[PDB]
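Okay, here's what each chain looks like letter by letter:
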Amino acid sequence: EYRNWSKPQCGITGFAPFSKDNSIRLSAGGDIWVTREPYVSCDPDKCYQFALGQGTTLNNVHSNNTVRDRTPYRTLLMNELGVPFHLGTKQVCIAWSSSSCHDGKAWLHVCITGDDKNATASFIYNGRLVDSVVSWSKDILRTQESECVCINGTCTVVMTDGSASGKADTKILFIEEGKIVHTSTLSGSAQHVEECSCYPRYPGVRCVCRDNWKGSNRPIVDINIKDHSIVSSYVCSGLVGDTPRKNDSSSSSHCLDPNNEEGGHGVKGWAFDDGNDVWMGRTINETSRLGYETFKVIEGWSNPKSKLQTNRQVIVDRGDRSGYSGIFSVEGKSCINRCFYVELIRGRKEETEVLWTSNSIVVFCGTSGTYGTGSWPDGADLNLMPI
Amino acid sequence: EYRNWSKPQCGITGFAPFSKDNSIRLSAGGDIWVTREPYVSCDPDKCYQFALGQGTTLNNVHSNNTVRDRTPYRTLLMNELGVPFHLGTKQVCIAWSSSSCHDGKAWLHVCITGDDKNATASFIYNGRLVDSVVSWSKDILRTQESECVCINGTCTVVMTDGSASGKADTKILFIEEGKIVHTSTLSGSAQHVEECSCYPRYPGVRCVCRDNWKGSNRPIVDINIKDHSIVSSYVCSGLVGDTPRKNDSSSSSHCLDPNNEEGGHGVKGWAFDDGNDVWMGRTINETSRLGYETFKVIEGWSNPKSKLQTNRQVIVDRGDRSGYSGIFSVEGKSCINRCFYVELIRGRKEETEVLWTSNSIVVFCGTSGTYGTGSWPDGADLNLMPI
Amino acid sequence: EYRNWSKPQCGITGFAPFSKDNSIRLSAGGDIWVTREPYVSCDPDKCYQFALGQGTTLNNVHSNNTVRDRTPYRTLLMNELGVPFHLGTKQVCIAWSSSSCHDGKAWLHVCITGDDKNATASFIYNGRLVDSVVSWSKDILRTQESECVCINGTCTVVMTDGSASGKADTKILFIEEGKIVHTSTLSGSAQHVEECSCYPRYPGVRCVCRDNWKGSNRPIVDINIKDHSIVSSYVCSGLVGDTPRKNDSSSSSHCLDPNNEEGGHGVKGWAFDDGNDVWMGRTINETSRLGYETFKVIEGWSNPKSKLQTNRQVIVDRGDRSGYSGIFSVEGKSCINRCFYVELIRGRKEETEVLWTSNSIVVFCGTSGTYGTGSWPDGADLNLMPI
Amino acid sequence: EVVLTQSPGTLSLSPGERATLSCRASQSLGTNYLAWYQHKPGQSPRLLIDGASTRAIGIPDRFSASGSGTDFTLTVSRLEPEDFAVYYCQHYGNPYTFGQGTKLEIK
Amino acid sequence: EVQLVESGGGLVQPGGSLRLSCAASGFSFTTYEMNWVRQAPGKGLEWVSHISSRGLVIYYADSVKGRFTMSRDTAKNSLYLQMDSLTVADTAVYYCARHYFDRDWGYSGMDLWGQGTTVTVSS
Ligand SMILES: *[C@@H]1O[C@H](CO)[C@@H](O[C@@H]2O[C@H](CO)[C@@H](O[C@@H]3O[C@H](CO[C@H]4O[C@H](CO)[C@@H](O)[C@H](O[C@H]5O[C@H](CO)[C@@H](O)[C@H](O)[C@@H]5O)[C@@H]4O)[C@@H](O)[C@H](O[C@H]4O[C@H](CO)[C@@H](O)[C@H](O)[C@@H]4O[C@H]4O[C@H](CO)[C@@H](O)[C@H](O)[C@@H]4O)[C@@H]3O)[C@H](O)[C@H]2NC(C)=O)[C@H](O)[C@H]1NC(C)=O
Ligand SMILES: *[C@@H]1O[C@H](CO)[C@@H](O[C@@H]2O[C@H](CO)[C@@H](O[C@@H]3O[C@H](CO[C@H]4O[C@H](CO)[C@@H](O)[C@H](O[C@H]5O[C@H](CO)[C@@H](O)[C@H](O)[C@@H]5O)[C@@H]4O)[C@@H](O)[C@H](O[C@H]4O[C@H](CO)[C@@H](O)[C@H](O)[C@@H]4O[C@H]4O[C@H](CO)[C@@H](O)[C@H](O)[C@@H]4O)[C@@H]3O)[C@H](O)[C@H]2NC(C)=O)[C@H](O)[C@H]1NC(C)=O
Ligand SMILES: *[C@@H]1O[C@H](CO)[C@@H](O[C@@H]2O[C@H](CO)[C@@H](O[C@@H]3O[C@H](CO[C@H]4O[C@H](CO)[C@@H](O)[C@H](O[C@H]5O[C@H](CO)[C@@H](O)[C@H](O)[C@@H]5O)[C@@H]4O)[C@@H](O)[C@H](O[C@H]4O[C@H](CO)[C@@H](O)[C@H](O)[C@@H]4O[C@H]4O[C@H](CO)[C@@H](O)[C@H](O)[C@@H]4O)[C@@H]3O)[C@H](O)[C@H]2NC(C)=O)[C@H](O)[C@H]1NC(C)=O
Ligand SMILES: *[C@@H]1O[C@H](CO)[C@@H](O[C@@H]2O[C@H](CO)[C@@H](O[C@@H]3O[C@H](CO)[C@@H](O)[C@H](O)[C@@H]3O)[C@H](O)[C@H]2NC(C)=O)[C@H](O)[C@H]1NC(C)=O
Ligand SMILES: *[C@@H]1O[C@H](CO)[C@@H](O[C@@H]2O[C@H](CO)[C@@H](O)[C@H](O)[C@H]2NC(C)=O)[C@H](O)[C@H]1NC(C)=O
Ligand SMILES: *[C@@H]1O[C@H](CO)[C@@H](O[C@@H]2O[C@H](CO)[C@@H](O)[C@H](O)[C@H]2NC(C)=O)[C@H](O)[C@H]1NC(C)=O
Ligand SMILES: *[C@@H]1O[C@H](CO)[C@@H](O[C@@H]2O[C@H](CO)[C@@H](O)[C@H](O)[C@H]2NC(C)=O)[C@H](O)[C@H]1NC(C)=O
Ligand SMILES: *[C@@H]1O[C@H](CO)[C@@H](O[C@@H]2O[C@H](CO)[C@@H](O)[C@H](O)[C@H]2NC(C)=O)[C@H](O)[C@H]1NC(C)=O
Ligand SMILES: *[C@@H]1O[C@H](CO)[C@@H](O[C@@H]2O[C@H](CO)[C@@H](O)[C@H](O)[C@H]2NC(C)=O)[C@H](O)[C@H]1NC(C)=O
Ligand SMILES: *[C@@H]1O[C@H](CO)[C@@H](O[C@@H]2O[C@H](CO)[C@@H](O)[C@H](O)[C@H]2NC(C)=O)[C@H](O)[C@H]1NC(C)=O
Ligand SMILES: *[C@@H]1O[C@H](CO)[C@@H](O)[C@H](O)[C@H]1NC(C)=O
Ligand SMILES: *[C@@H]1O[C@H](CO)[C@@H](O)[C@H](O)[C@H]1NC(C)=O
Ligand SMILES: *[C@@H]1O[C@H](CO)[C@@H](O)[C@H](O)[C@H]1NC(C)=O
Ligand SMILES: *[C@@H]1O[C@H](CO)[C@@H](O)[C@H](O)[C@H]1NC(C)=O
Ligand SMILES: *[C@@H]1O[C@H](CO)[C@@H](O)[C@H](O)[C@H]1NC(C)=O
Ligand SMILES: *[C@@H]1O[C@H](CO)[C@@H](O)[C@H](O)[C@H]1NC(C)=O
Ligand SMILES: [Ca+2]
Ligand SMILES: [Ca+2]
Ligand SMILES: [Ca+2]
């Protein structure tokens, strides 16, 4: 009944289209939730999409000025993958930060809400409020914004608390049926760790995070699900994945330390490893969240100074808007497949012809077959939609 | 658990009304998806309707100019047979071409999306992206737009790639649990094959396709689900079913070759065989997609030069709009029943009082009892509906 | 697994409120189907409401002039008891007349649609179109408009065909898993039989119908589910239940024949027997469908010339609109309970401030306990609702 | 090999009359690959009629079209001041060819 | 908003070369058929060339055949006309237009047009 992710990793030559929600296009006619920060997670049967909704629909007076991220009204919305966030959507907890697991028996939700100083993280398992934690650093407590990973019933959640540009306390929480059985403080070479995309690299969990303080390469957190031992490093490829980043010709990485290049802010993203090569995805524009491309860097997980791509794909066109992206793993018949989702953000603070901010999602999965080209933007026309 | 379609074919004297969705009539008040190219398929319990939605509702600003067929936003929508495509509809893949099977265990979806030159078919089984293929002819890769057929877990999908008026590469793909185990190139006397309506004629699959290049008779593809051997011919009846077609007084067939009569374009349709007779359905107007009638041609599967109808029915009236139609088989208690669906297209490029294009569906099933007369149009009044 | 209705009848002293849908009140804001001719039926777990929808919602341009009863667009809608007919309602067949059973294994739907001359009755069982029949009298083929009754897998449906004021052919059809195994022509003293409310009076079925030709008392059809032998008579109570009817002081029954009193038209209603007494329900106004009261006539099932009432209840008030009402039986723990539903009609042909016609439903069930007084009208204010 | 001869050259009329333009085709052609365009001078061509019978998106109701085989016809039922321009009939099936046009000028 | 902007019109002495460019905004060339159409001064519209969405040049006008080369970049969404050996008859206003090939119905017809660029071959 429990899920242990024991199978090997599927052979990946690229990613094929899997899903699209068309949320903003449907919001022009119809009642659709205003969301942001989505992700995808699958129980052993099918896949579900999650988002953080702002407590209102888009054709709503309350949709005005929804660019904030921490309000008492944001909740965690869950549907099946494909069903748009209509008014029948079940909102499963109060949260302005969230993460979700399925251990093979029941769903686990980690939901952070409350004051910026004193914040509360509720751990909900099987429809019960099983546990709760308070901020340790008395700052904005926050978590992965994507799926967490369970192996043998022990699920792991990475939670950060502290300054965005400075030393912050990051912890890894080991949860069993909603109860927190252990908590390990982060240790290693990664200085700033946020919004991690974790995947089961049996026998453990590997997370690729964002460095929001001093690096444009991504941190790596290796969690030993068993000994509860944490290792930290940086993604070693010379083609770094965070945005803002420097241009390909003038970019660098350290394999151990932040590269100190255009590392002021960032975006949530993903990466995983195929032998020595690294499969990664990033925005096409190096400064704005415009476009989205995935590719493979040869010897990119072991060697810096490597800038040899292969199997490049353009998921979202260079002129179109993207946002947070993340990884989730799907148990196949003989191996474990890796899929990713891209969040396509539309609205205020970058397009001033509307008063709202929302997002749509596009989902791709790895394939051992062949694939073509394309581009799957959001498609909404905001010049005609209601303000 | 697997489905093998071993029972005989039910005795059919005609078809009785089974379902109607009233999509366009409900779209005037309420949020209903803009769709086209629908079909029906049944798991061993109940029946489901599928469609290709344009990523918007009808009372929507994005509903304007939805007559195109290949956009990055079209997805595959699935409900139970009868439930209209409301905003709670689950859209199961990104696709501007599609087909769907149920092998008795899980649903299989074949979904085509992408650039016209590159195009990818994602094969999704049991909620996983199991396989993927690229265009072989670097043209518009396309598939049946109706249900595919599985026998003993091996499902079969007919996919065409190449010029619409010329030699195109058609292949038959044999899929096992989402994985493509074999691929047979088409061989036989059928020159152009598109949009096939396939049914399990145990021990194999028989598909009646459209000839979009040089014939107004329909092609026939006989797939041996076991030896993976393909045979091709043409529907032998003197009353041909494609539109455009010549008048009944002067129409012909070849039983091997295209008739070279009014074969420039066509419409997706169906036909099957009862002994030597052929049960078929076509539009009442010989040039436009207006009306829909089904009948039986005596010795029509065996003899060109037969124009003898019997058991004629008028499913949609001469002046009411129809469109794509197709077949699907339902396992009965002691035999296999044949049903068909008709797509009733409404909107732009034929009715210039609206800016959108959408469809409704009407479903009939074969019966061994008696039946009456009637006519079941779409019924929407576009003079009063929003533009 | 089959349902045999073997338990006794529950002790009934009156009826208690069970359900209300508030369809018209919700239709003012929101998308709700335009329906009429509803009923209720229960599978061994819960209860479902059915209606004949006009293929449109109420805030719709197509809602105009929906007082007709036979259009190509009416379908049969099914929800759980309580859920209003929103746009997610599954419409289960094309029908402008309908009836529905549950034999303990699967649902049976009898659906009549088509031309007035040549009409078709489809018999759908377990999501398959199992059988079909044509009009025998080449007139308006019609059925119970309420639930049918199954005993040991054999379900019984009463279908009338012919003139409304004259001799019409009524038949009782015995169906097994959707297949019509037998058909008995009606025989007995009942001359005109329509819109029967049937209930399992083990070992058979007892139906109380409407006499639309020459009587204001109700006919009774006793079907022997086993020998397929039909008996007909009239409800013997001196307080007759049809409307139009004569005032209590001047009314009469005959217990064998029509009373020939105000028998021109009528309304669908119900009645059943408790020993010699009759439990019945009718409209409070003797000429219009205004109000609804149920009561018990002492020795009313055996003696014409009895006008002794007791246990009277006012389900809808004298000045509030009612309509079709019917009976359905629910299997209890130790006995069989009788419930009824009342259809509250609102709109055109009686209230000329709107262009539509729709209905709501109110459901009561028998009780062995005590009860109070009340009145549960529809409550819609049509002077403010959209036309 | 199909030469589309627009029949009337320089038709002249006054606002509010009905104007009938004709495109005759050498050999018969599929009657669903013929279109009608409007080219007011100093402005890019605008598509009026498609498939020989279908009004484009946004075109007023005045324009209608018909035809079959070798004959094609366009008619602005009630003229307007700004409906005065050159009108082309195009065959966008094989073989590709345009027309020479018809000039509408206010009298 | 979709728009087409043609550029590169200029004086060319006979025997020369000019490259016209049409930049497209609001759509992708990977799904639309693109056309070059010219109007010589005092004559009607003439269809110069047509390219598919799959990248094949389906047609070149007989006069332009052998001298003009029509191409497209699907990364920048640009259409190009390399005109070689320009004669005085090639002085005209040039137009990039767009139509569609539908799987069900077929070719549709040029609904989007550019501003136009004038190429004058002189002396
Ligand atoms: C139909 O779909 C398929 C699948 O979607 C497409 O096939 C894919 O096509 C892309 C096309 O580029 C292949 O991408 C790979 O890109 C690598 C990175 O270079 C690219 O990105 C960087 C950043 O954008 C750009 O800067 C590049 O442009 C240049 O700059 C870099 C340095 O900055 C230079 O290195 C370049 O030379 C350019 O100056 C590019 O956009 C690229 O390195 C990779 O390499 C292939 O080709 C090189 C030679 O250049 C070989 O040494 C190398 O081994 C690779 O060759 C293999 O792949 C080709 C197929 O492209 C095979 O034919 C060879 O046999 C060999 O296996 C490559 O370009 C992506 O790999 C590919 N995926 C596949 C095949 O699965 C089709 O293009 C598409 N077709 C249609 C009809 O549209
Ligand atoms: C109540 O409902 C029932 C069930 O829906 C209806 O019964 C059905 O009625 C239809 C229509 O009459 C029967 O259809 C058959 O039509 C065949 C020819 O197709 C016709 O339509 C097309 C399209 O318009 C035309 O192109 C054809 O015209 C061509 O040929 C005719 C004459 O051949 C020329 O005049 C035309 O100019 C064209 O050249 C047709 O009009 C027809 O072949 C078929 O044949 C029966 O009748 C002929 C004699 O006319 C016999 O030779 C043949 O053997 C069949 O005879 C049957 O009928 C008798 C009496 O019922 C039976 O005793 C026999 O056993 C045999 O079954 C037929 O006419 C359709 O068959 C029928 N279905 C069933 C199940 O009965 C009722 O009409 C309807 N009544 C109402 C409205 O109350
Ligand atoms: C709280 O709720 C309870 C339950 O809802 C209510 O109790 C119920 O009350 C009703 C109404 O009083 C009882 O109805 C029975 O009505 C019979 C006659 O119905 C009358 O109305 C109809 C329609 O208007 C008329 O047709 C009738 O006939 C009249 O006209 C005809 C000619 O056309 C004449 O022939 C008739 O005589 C009338 O003039 C009636 O007006 C009535 O016959 C029945 O009789 C019972 O009560 C009478 C006295 O009222 C007794 O003499 C008789 O023997 C019966 O007595 C039993 O019931 C009473 C309770 O009412 C007990 O106290 C006695 O001990 C005995 O058990 C009766 O009136 C209905 O039976 C009753 N249901 C119960 C108790 O379960 C309460 O009223 C309500 N209280 C509030 C509002 O606070
Ligand atoms: C439905 O869709 C069509 C297609 O987009 C819309 O029609 C188009 O609307 C735009 C904006 O009005 C027009 O653009 C204008 O063109 C003129 C020159 O023709 C230019 O001077 C203006 O600055 C502007 O660019 C466009 O021509 C027109 N195109 C077509 C094909 O008609 C229409 O607005 C939409 N209609 C509704 C009711 O939503
Ligand atoms: C990549 O970015 C670097 C800056 O990190 C660019 O280098 C500068 O470019 C400008 C403009 O050409 C020059 O004036 C500077 O002298 C360059 N400085 C450095 C640090 O080299 C570089 O040109 C960019 N490359 C590309 C191809 O965009
Ligand atoms: C990446 O996005 C930026 C916006 O942050 C683009 O910068 C724009 O460039 C155009 C000229 O190319 C200017 O007219 C605009 O003013 C610029 N800023 C904005 C806010 O629009 C930039 O070109 C994009 N491309 C890359 C690869 O840097
Ligand atoms: C069936 O179609 C044929 C054409 O294929 C029609 O035959 C032509 O009809 C016209 C008008 O009567 C005549 O001028 C021609 O001489 C006929 N030519 C041929 C090829 O025969 C035929 O009339 C149509 N029949 C019906 C009944 O509509
Ligand atoms: C089939 O449909 C066509 C339309 O394609 C009908 O043709 C119309 O016929 C009427 C006269 O009967 C004309 O006024 C119209 O101009 C025609 N065209 C259109 C586009 O409406 C045709 O009559 C229909 N019937 C058959 C059997 O051919
Ligand atoms: C019940 O109805 C009868 C009619 O069937 C009424 O009897 C008639 O009433 C009118 C008015 O009082 C008299 O003019 C007639 O002479 C009566 N005729 C008959 C046939 O008796 C009776 O009054 C009604 N009773 C009540 C109380 O409404
Ligand atoms: C039953 O309903 C009728 C309507 O069919 C009522 O008749 C109305 O009575 C009032 C006076 O009481 C008149 O002003 C109206 O003109 C009548 N007709 C209508 C159509 O409103 C009747 O009063 C009701 N009551 C009974 C018991 O007969
Ligand atoms: C993981 O679980 C599967 C099935 O539950 C089992 O077959 C496998 O042996 C397990 N792996 C390990 C390492 O225990
Ligand atoms: C998981 O459980 C299986 C069976 O208990 C065991 O063999 C394996 O060592 C465990 N692995 C981890 C990572 O806990
Ligand atoms: C097909 O399956 C059914 C039930 O699964 C079985 O009874 C039947 O024998 C099978 N047919 C063949 C030919 O194996
Ligand atoms: C399906 O499987 C059954 C049992 O193995 C076999 O008898 C039958 O021939 C198979 N049918 C086909 C054609 O695959
Ligand atoms: C009716 O069915 C119940 C349970 O299925 C059973 O206990 C009872 O004996 C049956 N009644 C008859 C008369 O067979
Ligand atoms: C119902 O079933 C029981 C058990 O088969 C049987 O004893 C009884 O006679 C049946 N009654 C009918 C046929 O109504
Ligand atoms: Ca950074
Ligand atoms: Ca054809
Ligand atoms: Ca009566």
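If you check the header, you'll see the entry was determined by cryo-EM and the resolution is listed as 2.80 Å.

Right, let's talk about the coordination of the calcium ion (ligand 18) for a bit. Residue and element names in this part refer to chain B. Taken together, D211 (O), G215 (O), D242 (OD), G263 (O) and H265 (O) make up the protein donors of the calcium ion (ligand 18), found 2.3 to 3.2 Å from the metal. Written as a sequence motif, the donor arrangement for the calcium ion (ligand 18) is D-x3-G-x26-D-x20-G-x1-H. One end of the pair, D211, is in the loop between β15 (204-210) and β16 (219-223); the other, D242, is in the loop between β17 (230-234) and β18 (270-274), and 31 residues separate them in sequence. Taking the relative accessible area as the measure of exposure, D211 reaches 1% and is therefore buried.

Facing the seven residues of chain D at the interface are six residues of chain B. Of the roughly 570 Å² buried between chain D and chain B, counting both surfaces, carbon and sulfur atoms make up 52%. For the chain D face of the interface with chain B, the top three residues by lost area are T54(D), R55(D) and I57(D), together amounting to 70%. The tally of links from chain D across to chain B stands at one salt bridge. Counting across the chain D and chain B interface gives four residue pairs in polar contact.

What follows deals with the UniProt feature "binding site: Ca(2+)" (unreviewed entry) in chain A. Residues and elements named next belong to chain A. Sites flagged by UniProt as "binding site: Ca(2+)" (unreviewed entry) map to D211, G215 and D242. Separation in sequence by 32 residues is not matched in space for these annotated residues, since their most distant C-alpha atoms are only 8.2 Å apart. Residue placement: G215 occurs in the loop between β15 (204-210) and β16 (219-223). On the basis of relative accessible area, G215 is assigned to the buried category, the value being 0%. Relative accessible area serves as the criterion here: at 0%, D242 is assigned to the buried category. Among all residues touching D242, those that are not within four sequence positions of it are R210, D211, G215, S216, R218, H265, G266 and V267.

The next thing to look at is the interface of chain A and chain B. Tallying the contact residues gives 49 residues for chain A and 37 residues for chain B. Roughly 3,200 Å² of surface becomes buried between chain A and chain B when both sides are summed, with 55% attributable to carbon and sulfur atoms. By the criterion of area lost to chain B, the three top residues of chain A are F18(A), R25(A) and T373(A), representing 19% of everything that side buries. Counting the contacts that link chain A with chain B gives one salt bridge.

Let's shift gears to unusual backbone geometry. Among all residues save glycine, negative phi is the norm, and among peptide bonds the norm is trans. In the segment running from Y202(A) into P203(A), the intervening peptide bond is cis, with an omega of 15°. With omega at 10°, the peptide bond leading from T243(B) into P244(B) counts as cis. Its place among the elements puts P244(B) in the loop between β17 and β18. Phi is positive for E177(C), close to 60°, though the residue is something other than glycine. With respect to the element layout, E177(C) can be found in the loop between β12 (168-176) and β13 (179-185). On the accessibility criterion, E177(C) (35% relative accessible area) is partly exposed.

Expected angles at a metal are 109.5 degrees for tetrahedral coordination by four donors and either 90 or 180 degrees for octahedral coordination by six donors. Residue and element names in this part refer to chain A. In this structure, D211 (O), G215 (O), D242 (OD) and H265 (O) serve as the protein donors to the calcium ion (ligand 17), at separations of 2.3 to 2.4 Å. For the calcium ion (ligand 17), the donor residues sit on a single chain with the sequence spacing D-x3-G-x26-D-x22-H. Here the residue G215 occupies a position in the loop between β15 and β16, and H265 occupies one in the loop between β17 (230-234) and β18 (270-274), the gap between them amounting to 50 residues. Residue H265 is classed as exposed on the basis of its relative accessible area of 56%.

Moving on, we get to the site of ligand 1. In the vicinity of ligand 1, the contacting residues are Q309(A), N311(A), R312(A), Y371(A), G372(A), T373(A), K117(B) and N118(B). In this structure, ligand 1 is bordered by residues of chains A and B. Contact between ligand 1 and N118(B): an oxygen atom at 2.2 Å from a side-chain N or O atom of the residue. Surface burial for ligand 1 is 32%, taken as the share of its 1,300 Å² of free accessible area covered by protein chains. Residues belonging to the shell around ligand 1 are distributed by class as follows: one nonpolar, five polar and two charged.

Moving on: the state of the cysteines. All names here are of chain B. A complete count under the given rule lists 29 disulfides over all chains for this structure. Two residues share a disulfide in this structure: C196 and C209, whose sulfurs sit 2.0 Å from each other. Residues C196 and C209 share a disulfide whose torsion about the S-S bond is about 105°; that sign makes it right-handed. You can see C196 sitting in strand β14 (residues 194-201) and its partner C209 sitting in strand β15, a full 13 residues away along the chain.

Turning our attention to the nonpolar core. Core analysis: the biggest nonpolar cluster contains 74 residues, and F328(A) and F328(B) have the highest contact counts within it. With near-sequence residues (within four places) excluded, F328(B) lies in contact with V40(B), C42(B), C47(B), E147(B), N337(B), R338(B), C339(B), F340(B), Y341(B) and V363(B). Core analysis: the next-biggest nonpolar cluster, separate from the first, contains 65 residues, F123(B), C155(B), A19(D) and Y37(D) among them.

Each copy superposes on the other: chain A lies on chain B with an RMSD of 0.1 Å after a rotation of 90° and an axial shift of 0.0 Å. Interpreted geometrically, this transformation is the action of a four-fold axis. Considering only C-alpha atoms, the part of chain A nearest the rotation axis is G88(A), at 5.5 Å. Take the interface residues of chain A: only 2% of them recur as interface residues in chain B, which is what a contact between different surfaces looks like.

Residues and elements named next belong to chain B. Around ligand 8 lies a shell formed by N285, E286, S288 and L290. The separation between an oxygen atom of ligand 8 and a polar side-chain atom of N285 is 2.3 Å. Taking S288, its side chain carries an N or O atom lying 2.7 Å from an oxygen atom of ligand 8. Looking at the shell around ligand 8 residue by residue, the class counts come to one nonpolar, two polar and one charged.

Another point: the sheet that holds strand β10 (residues 149-151) of chain B. All names here are of chain B. As summarised here, the arrangement of the four strands in space is β10-β11-β12-β13, forming an open sheet in which the pairing is antiparallel. Since the sheet does not close on itself, it has two edges, and those belong to β10 and β13 (179-185), each with one partner. Looking at each pair of strands side by side, their axes are set apart by 30° on average, direction ignored. Inspection of the sheet shows strand β11 (residues 154-162) paired to strand β12 (residues 168-176) by nine bridges, in the antiparallel sense. When the bridges of β12 are listed, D161 appears paired with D169.

The full count for this structure, using the stated rule, is 71 salt bridges over all chains. Among the ionic pairs, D104(E) bridges to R289(B), the shortest N-O distance being 2.4 Å. You can see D104(E) sitting in the loop between β9 (92-99) and β10 (112-113) and its partner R289(B) sitting in the loop between β19 (277-282) and β20 (290-297), one on each of two chains. By the burial criterion, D104(E) is buried, and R289(B) matches it. Put simply, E351(B) and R346(B) hold a salt bridge, and the shortest N to O gap is 2.3 Å.

A separate point is the sheet that holds strand β14 (residues 194-201) of chain A. Residue and element names in this part refer to chain A. Spatially, β14-β15-β16-β17 is the arrangement adopted by the four strands of the open sheet, whose pairing is antiparallel. Of all the strands in the sheet, just β14 and β17 have a single pairing partner and so form its edges. On average, each strand axis in the sheet is tilted by 20° relative to the strand beside it, whichever way the strands run. Across five bridges, β16 lies against β17 in antiparallel orientation. Bridging across to β17, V221 finds its partner in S232.

So, on to the UniProt feature "active site" (unreviewed entry) in chain A. Residue and element names in this part refer to chain A. Taken from the UniProt record, the annotation "active site" (unreviewed entry) applies to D69 and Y324. A compact arrangement is adopted by the annotated residues: their sequence extent is 256 residues, whereas the largest C-alpha distance between any two is 13.8 Å. Its location among the elements puts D69 in the loop between β3 (47-57) and β4 (75-80). Owing to a relative accessible area of 36%, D69 belongs among the partly exposed residues under this scheme. Within the element layout of this structure, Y324 appears in the loop between β21 (313-321) and β22 (325-331). In this view, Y324 contacts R36, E37, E195, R210, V267, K268, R289, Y341, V342 and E343; residues no more than four positions away in its chain are not counted. There is a polar contact of 3.3 Å between the side chain of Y324 and the side chain of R210.

The rules behind the values
- For each chain, numbering restarts from 1 and follows the sequence as written, which can differ from how the entry numbers it; residues lacking coordinates are not listed.
- Following the order in which they are written, the chains are lettered starting with A and the ligands numbered starting with 1.
- Bear in mind that the chains are drawn from a larger assembly and that all values refer to what is shown.
- Note that water and hydrogens are dropped before the side-chain values are worked out from all heavy atoms of the structure.
- For Na, K and Ca the donor cut-off is 3.2 Å; for every other metal, N, O and S atoms count as donors within 2.8 Å. Water does not enter the count, which can leave sites looking incomplete.
- Helix numbers and strand numbers start at the N terminus; a helix is a DSSP run of H or I with at least 4 residues, a strand a run of E with at least 2.
- Under the scheme applied here, a residue whose accessible area is under 20% of the maximum for its type counts as buried, over 50% as exposed, and between as partly exposed, the area being computed with a 1.4 Å probe on protein chains only.
- Contacts were defined at the residue level, with two residues in contact if any of their heavy atoms lie within 4.5 Å.
- We define buried area as the total accessible area lost by two parts upon association, computed with a 1.4 Å probe and summed across both.
- Salt bridge, as applied in this entry: a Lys or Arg side-chain nitrogen positioned within 4 Å of an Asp or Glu carboxyl oxygen.
- N or O atoms within 3.5 Å of each other form a polar contact, as long as, within protein, one can give a hydrogen and the other can take it, and as long as residues adjacent in sequence are counted only when both atoms are side-chain atoms.
- UniProt positions are given in the numbering used here, feature names are shortened, and annotations may be inferred rather than shown by experiment.
- We call a residue near a given molecule or strand whenever any one of its heavy atoms falls within 4 Å of it.
- Surface exposure here means Shrake-Rupley accessible area, sampled with a 1.4 Å probe, where a residue is shielded only by the protein chains that are shown.
- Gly counts as polar in this scheme, as do all residues outside two lists: the nonpolar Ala, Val, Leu, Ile, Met, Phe, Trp, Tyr, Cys and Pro, and the charged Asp, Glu, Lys and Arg.
- The criterion for a disulfide is a pair of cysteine sulfur atoms lying within 2.5 Å.
- By convention a nonpolar core is built from buried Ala, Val, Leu, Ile, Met, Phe, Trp, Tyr and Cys residues, the set being connected through side-chain atoms within 4.5 Å.
- A least-squares fit on C-alpha atoms is used to superpose the copies onto one another.
- In this analysis, strands are considered paired if DSSP registers two or more bridges between them.
- To get an axis, fit a line to the C-alpha atoms, keeping to the stretch in contact for a helix; angles then go from 0 to 180 degrees between the N-to-C directions.

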